[PDB]
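For reference, the chain that follows is the form deposited in one PDB entry, supplied as structure tokens.
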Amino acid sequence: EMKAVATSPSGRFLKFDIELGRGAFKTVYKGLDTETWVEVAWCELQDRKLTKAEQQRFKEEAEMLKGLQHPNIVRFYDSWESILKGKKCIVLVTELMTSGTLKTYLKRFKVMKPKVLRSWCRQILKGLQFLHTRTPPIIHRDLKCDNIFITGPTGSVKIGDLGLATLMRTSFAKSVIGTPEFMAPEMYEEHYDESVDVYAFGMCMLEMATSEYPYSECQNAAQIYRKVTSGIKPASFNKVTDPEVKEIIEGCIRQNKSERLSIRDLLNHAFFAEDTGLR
């Protein structure tokens, strides 16, 4: 009756044949929560030939994401494996962010305004502080302007795509010294903590402030790797003259992770000051 073309296994969500966006290996359709009449994003992720072990790991992660409620985290409703009409995919139902990503929204503007930067970055930081104070802490690990989302008519900014990079990871991320047949399993382990999100946040803030992609002077990741592992900042950093924004970004992208500010230290900066209910 709704002009819907599909229903979730639970029956709770409808899919409409209305495409709202296209990213790499995913299509976002307009959906509807039949219980609340709230419009939602019905995201179809191309099957990445996942095994039975990986499918189990994401199912436990997906159940934990369902519980996250925070104003700066995109809400996660449900997920399942679909094979309708012979198309194999994973469906994710999430909160619908009508203006897409910050990367997409920023394409409409020439120069960043300081009041906008303050508002967007404060919201991102509040979402990260929420994630880092869960039990156990959640580390995003892949924060960028293309997975932070915005709703144009409110200016609400929310972090999205939690767990997506691990779910869609086609190969082992980076190359390691060794021969696979002889390499112990612990050589594939990844060592990181909350400060990887602090570093990513600083690069996001630099991108927003300068309206350009960091390290665009490098022709390939080999040069980036050599610059980054040498502690050389992106050239776009030289364009930041506002001393507060400069000191904020500097405190995030320090090479030594133990010297970076925490998310709460960043939220304490006078640049992000707001109102506390005290007058």
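The term rigid core refers to the most C-alpha atoms you can superpose between the two forms while keeping them within 1.5 Å. Heads up: residue numbers just count along the shown sequence, starting at 1.
Where the other entries of this protein model the residues before and after it, residue 77 is kept in all of them rather than dropped from a third.
Of the other entries compared for this protein that flank it with modelled residues, all give atoms for residue 188, so not even a third lack it. Taking the PDB entry as given, 81-89 carries the higher mean Cα B factor of the two stretches 131-139 and 81-89.
For the pair 247-255 and 23-31, the record assigns the higher mean C-alpha temperature factor to 23-31. Of the candidates 236, 36, 219, 69, it is 219 whose Cα B-factor is highest according to the PDB record. Per the deposited coordinates, the residue with the largest Cα temperature factor out of 45, 53, 40, 232 is 53. When all modelled residues of the chain are sorted by CA temperature factor, residue 125 is found within the lowest third. For residue 210, the recorded CA B-factor ranks within the lowest third of the chain. Only modelled residues enter the ranking. Among the modelled residues of its chain, residue 65 has a C-alpha B-factor that falls in the middle third according to the deposited record. Ranked within its chain, residue 191 lands in the highest third, by CA B factor from the PDB record. Ranked by C-alpha B-factor against the other modelled residues of its chain, residue 107 falls in the highest third.
The next section is about a form of this same protein that is not shown, the form deposited with a small molecule bound.
Listed stretches are 107-115, 67-75, 123-131, 197-205; the contact stretch with the small molecule in the deposited complex is 67-75, by a heavy atom cutoff of 4.5 Å. Proximity to the small molecule in the deposited complex, taken as a non-hydrogen atom within 4.5 angstroms, holds for one residue of 41, 62, 240, 253, which is 41. No residue in the set 4, 32 and 36 has a non-hydrogen atom no more than 4.5 Å from the small molecule in the deposited complex. Taking the partner from elsewhere, residue 28 is found to have a heavy atom lying within 4.5 Å of the small molecule in the deposited complex. Residue contact check for residue 89: none of its heavy atoms lie within 4.5 Å of the small molecule in the deposited complex. When the small molecule is considered in the deposited complex, residue 267 lies well away from it, no heavy atom lying within 4.5 Å. In the deposited complex, residue 138 stays away from the small molecule, with no heavy atom inside 4.5 Å.
For residue 116, a C-alpha deviation below 2 angstroms is recorded between this form and the one not shown after rigid-core alignment.
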